[PDB]
$ cat final.csv   # CSV, C-alpha atoms
chain,number,residue,atom,x,y,z
V,1,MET,CA,95.6,17.6,35.6
V,2,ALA,CA,97.9,19.0,38.3
V,3,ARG,CA,95.4,19.8,41.0
V,4,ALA,CA,92.1,18.4,42.3
V,5,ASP,CA,90.3,21.7,42.4
V,6,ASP,CA,90.7,22.6,38.7
V,7,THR,CA,88.7,25.4,37.0
V,8,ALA,CA,85.2,25.9,38.2
V,9,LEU,CA,83.9,24.2,41.4
V,10,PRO,CA,85.9,21.3,42.8
V,11,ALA,CA,82.9,19.0,43.5
V,12,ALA,CA,79.5,20.5,44.5
V,13,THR,CA,80.3,24.2,44.6
V,14,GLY,CA,83.5,24.9,46.6
V,15,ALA,CA,83.8,28.2,48.4
V,16,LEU,CA,86.7,28.9,46.1
V,17,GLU,CA,84.4,28.9,43.1
V,18,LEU,CA,81.9,31.1,44.9
V,19,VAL,CA,84.4,34.0,45.5
V,20,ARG,CA,86.1,33.7,42.1
V,21,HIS,CA,82.6,33.5,40.5
V,22,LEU,CA,81.3,36.6,42.2
V,23,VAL,CA,84.5,38.4,41.4
V,24,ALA,CA,84.7,37.3,37.8
V,25,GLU,CA,81.1,38.4,37.2
V,26,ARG,CA,81.7,41.6,39.0
V,27,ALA,CA,84.8,42.2,36.8
V,28,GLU,CA,82.6,41.9,33.6
V,29,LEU,CA,84.2,38.6,32.8
V,30,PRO,CA,83.5,34.8,33.0
V,31,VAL,CA,84.5,32.7,36.0
V,32,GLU,CA,86.4,30.3,33.7
V,33,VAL,CA,88.8,33.1,32.7
V,34,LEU,CA,89.2,34.4,36.3
V,35,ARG,CA,92.8,33.9,37.3
V,36,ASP,CA,93.7,32.8,40.8
V,37,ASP,CA,96.4,35.5,41.0
V,38,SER,CA,94.0,38.2,39.7
V,39,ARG,CA,94.1,41.1,42.1
V,40,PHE,CA,90.9,43.0,42.9
V,41,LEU,CA,92.5,46.1,41.3
V,42,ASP,CA,95.5,45.1,39.2
V,43,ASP,CA,93.3,43.0,36.8
V,44,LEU,CA,89.8,42.6,38.3
V,45,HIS,CA,89.8,46.4,38.8
V,46,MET,CA,87.6,46.5,41.8
V,47,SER,CA,87.7,49.7,43.9
V,48,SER,CA,87.6,49.3,47.7
V,49,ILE,CA,83.9,50.1,47.5
V,50,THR,CA,83.3,47.8,44.6
V,51,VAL,CA,85.0,44.9,46.3
V,52,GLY,CA,82.8,45.2,49.4
V,53,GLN,CA,79.8,45.1,47.1
V,54,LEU,CA,80.6,41.6,45.8
V,55,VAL,CA,82.2,40.5,49.1
V,56,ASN,CA,78.8,40.9,50.8
V,57,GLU,CA,77.3,38.5,48.2
V,58,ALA,CA,79.8,35.8,49.0
V,59,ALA,CA,79.4,35.9,52.8
V,60,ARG,CA,75.6,35.5,52.3
V,61,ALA,CA,76.2,32.3,50.3
V,62,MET,CA,78.8,31.0,52.7
V,63,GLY,CA,76.3,31.6,55.5
V,64,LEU,CA,78.2,34.4,57.3
V,65,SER,CA,77.4,37.7,58.8
V,66,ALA,CA,80.1,39.9,60.3
V,67,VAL,CA,82.7,38.2,58.1
V,68,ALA,CA,81.7,40.8,55.5
V,69,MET,CA,85.1,42.1,54.4
V,70,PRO,CA,87.7,40.3,56.7
V,71,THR,CA,90.5,42.6,55.6
V,72,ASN,CA,91.8,44.9,52.9
V,73,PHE,CA,91.2,43.7,49.4
V,74,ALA,CA,92.8,46.5,47.4
V,75,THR,CA,96.0,44.5,47.7
V,76,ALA,CA,94.5,41.0,48.0
V,77,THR,CA,93.7,38.4,45.3
V,78,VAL,CA,90.8,36.1,44.6
V,79,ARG,CA,92.7,33.3,46.3
V,80,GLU,CA,93.1,35.4,49.5
V,81,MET,CA,89.4,36.5,49.6
V,82,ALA,CA,88.2,32.9,48.8
V,83,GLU,CA,90.6,31.4,51.4
V,84,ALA,CA,89.7,33.9,54.1
V,85,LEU,CA,86.0,33.2,53.5
V,86,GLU,CA,86.4,29.5,53.4
V,87,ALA,CA,88.5,29.6,56.6
V,88,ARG,CA,85.8,31.4,58.5
V,89,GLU,CA,83.0,29.0,57.5
V,90,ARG,CA,85.4,26.1,58.1
V,91,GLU,CA,85.5,27.1,61.8
V,92,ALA,CA,82.6,29.5,62.4
V,93,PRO,CA,80.3,29.7,65.4
V,94,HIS,CA,76.6,28.6,65.6
V,95,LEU,CA,75.3,32.1,64.5
V,96,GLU,CA,73.2,33.0,61.5
V,97,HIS,CA,71.3,35.9,60.0
V,98,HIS,CA,69.5,37.2,56.9
V,99,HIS,CA,69.6,41.0,56.9
V,100,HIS,CA,67.5,42.2,53.9
V,101,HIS,CA,66.9,45.6,52.3
V,102,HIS,CA,70.1,46.8,50.6

$ encode --input "final.csv" --output "structure tokens"
Amino acid sequence: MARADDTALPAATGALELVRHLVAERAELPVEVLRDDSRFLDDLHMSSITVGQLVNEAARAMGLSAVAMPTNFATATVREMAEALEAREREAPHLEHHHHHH
């Protein structure tokens, strides 16, 4: 009603929903209840090690590689992680990879 994004994906999927989704599910909660200002520790309660676990899942979907964990998340929020990921893909090189076994 106020924004175009709104809960869940904006149109098809939206990188924003990808991060929030992976985070929400990793926090033992739905993506519809995931707050945009929910820290990866204050609320989501995701240790530095836990964050990297879900962060790797996002990069894979966004089609990244080295983007895995752009910066500290212990003090970041879903909006920051989602924005950082969406930013990279928004202007990333012509590189790609799979990397299995994990």

$ closest_residue --input "final.csv" --among "V:67, V:77, V:61, V:50" --to "residue V:34" --atoms "only C-alpha atoms"
V:77

$ atom_distance --input "final.csv" --atom1 "atom CA of residue V:88" --atom2 "atom CA of residue V:16"
12.7 Å

$ residues_around --input "final.csv" --residues "residue V:93" --least-positions-apart "4" --cutoff "12 Å" --atoms "all atoms listed in the file" --output "ChimeraX atom specification"
/V:63-67,88-89

$ write_last_selection --input "final.csv" --atoms "C-alpha atoms" --output "short mmCIF file (atom, residue, chain, number, x, y, z; two decimals), keeping the file's coordinate frame"
data_model
loop_
_atom_site.label_atom_id
_atom_site.label_comp_id
_atom_site.auth_asym_id
_atom_site.auth_seq_id
_atom_site.Cartn_x
_atom_site.Cartn_y
_atom_site.Cartn_z
CA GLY V 63 76.30 31.60 55.50
CA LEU V 64 78.20 34.40 57.30
CA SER V 65 77.40 37.70 58.80
CA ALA V 66 80.10 39.90 60.30
CA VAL V 67 82.70 38.20 58.10
CA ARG V 88 85.80 31.40 58.50
CA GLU V 89 83.00 29.00 57.50
#

$ residues_around --input "final.csv" --residues "residue V:25" --least-positions-apart "6" --cutoff "10 Å" --atoms "all atoms listed in the file" --output "PyMOL selection string"
chain V and resi 19+31+34+44+54

$ closest_residue --input "final.csv" --among "V:62, V:8, V:15, V:78" --to "residue V:38" --atoms "all atoms listed in the file"
V:78

$ atom_distance --input "final.csv" --atom1 "atom CA of residue V:49" --atom2 "atom CA of residue V:33"
23.1 Å

$ residues_around --input "final.csv" --residues "residue V:27" --least-positions-apart "3" --cutoff "9 Å" --atoms "only C-alpha atoms" --output "list in words"
residues 22, 23, 24, 30, 34, 40, 43, 44, 45 and 46 of chain V

$ write_last_selection --input "final.csv" --atoms "C-alpha atoms" --output "PDB file, keeping the file's coordinate frame"
ATOM      1  CA  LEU V  22      81.300  36.600  42.200  1.00  0.00           C
ATOM      2  CA  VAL V  23      84.500  38.400  41.400  1.00  0.00           C
ATOM      3  CA  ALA V  24      84.700  37.300  37.800  1.00  0.00           C
ATOM      4  CA  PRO V  30      83.500  34.800  33.000  1.00  0.00           C
ATOM      5  CA  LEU V  34      89.200  34.400  36.300  1.00  0.00           C
ATOM      6  CA  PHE V  40      90.900  43.000  42.900  1.00  0.00           C
ATOM      7  CA  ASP V  43      93.300  43.000  36.800  1.00  0.00           C
ATOM      8  CA  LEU V  44      89.800  42.600  38.300  1.00  0.00           C
ATOM      9  CA  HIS V  45      89.800  46.400  38.800  1.00  0.00           C
ATOM     10  CA  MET V  46      87.600  46.500  41.800  1.00  0.00           C
TER      11      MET V  46
END

$ residues_near_point --input "final.csv" --point "(91.8, 31.4, 47.6)" --cutoff "12 Å" --atoms "all atoms listed in the file" --output "mmCIF file with C-alpha atoms, in the frame of the given file"
data_model
loop_
_atom_site.group_PDB
_atom_site.id
_atom_site.type_symbol
_atom_site.label_atom_id
_atom_site.label_comp_id
_atom_site.auth_asym_id
_atom_site.auth_seq_id
_atom_site.Cartn_x
_atom_site.Cartn_y
_atom_site.Cartn_z
ATOM 1 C CA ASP V 5 90.300 21.700 42.400
ATOM 2 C CA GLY V 14 83.500 24.900 46.600
ATOM 3 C CA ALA V 15 83.800 28.200 48.400
ATOM 4 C CA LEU V 16 86.700 28.900 46.100
ATOM 5 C CA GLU V 17 84.400 28.900 43.100
ATOM 6 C CA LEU V 18 81.900 31.100 44.900
ATOM 7 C CA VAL V 19 84.400 34.000 45.500
ATOM 8 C CA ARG V 20 86.100 33.700 42.100
ATOM 9 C CA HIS V 21 82.600 33.500 40.500
ATOM 10 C CA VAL V 23 84.500 38.400 41.400
ATOM 11 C CA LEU V 34 89.200 34.400 36.300
ATOM 12 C CA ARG V 35 92.800 33.900 37.300
ATOM 13 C CA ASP V 36 93.700 32.800 40.800
ATOM 14 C CA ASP V 37 96.400 35.500 41.000
ATOM 15 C CA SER V 38 94.000 38.200 39.700
ATOM 16 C CA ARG V 39 94.100 41.100 42.100
ATOM 17 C CA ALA V 76 94.500 41.000 48.000
ATOM 18 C CA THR V 77 93.700 38.400 45.300
ATOM 19 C CA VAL V 78 90.800 36.100 44.600
ATOM 20 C CA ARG V 79 92.700 33.300 46.300
ATOM 21 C CA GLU V 80 93.100 35.400 49.500
ATOM 22 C CA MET V 81 89.400 36.500 49.600
ATOM 23 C CA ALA V 82 88.200 32.900 48.800
ATOM 24 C CA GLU V 83 90.600 31.400 51.400
ATOM 25 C CA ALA V 84 89.700 33.900 54.100
ATOM 26 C CA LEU V 85 86.000 33.200 53.500
ATOM 27 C CA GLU V 86 86.400 29.500 53.400
ATOM 28 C CA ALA V 87 88.500 29.600 56.600
#

$ closest_residue --input "final.csv" --among "V:59, V:72, V:53, V:90" --to "residue V:102" --atoms "all atoms listed in the file"
V:53

$ atom_distance --input "final.csv" --atom1 "atom CA of residue V:92" --atom2 "atom CA of residue V:55"
17.3 Å
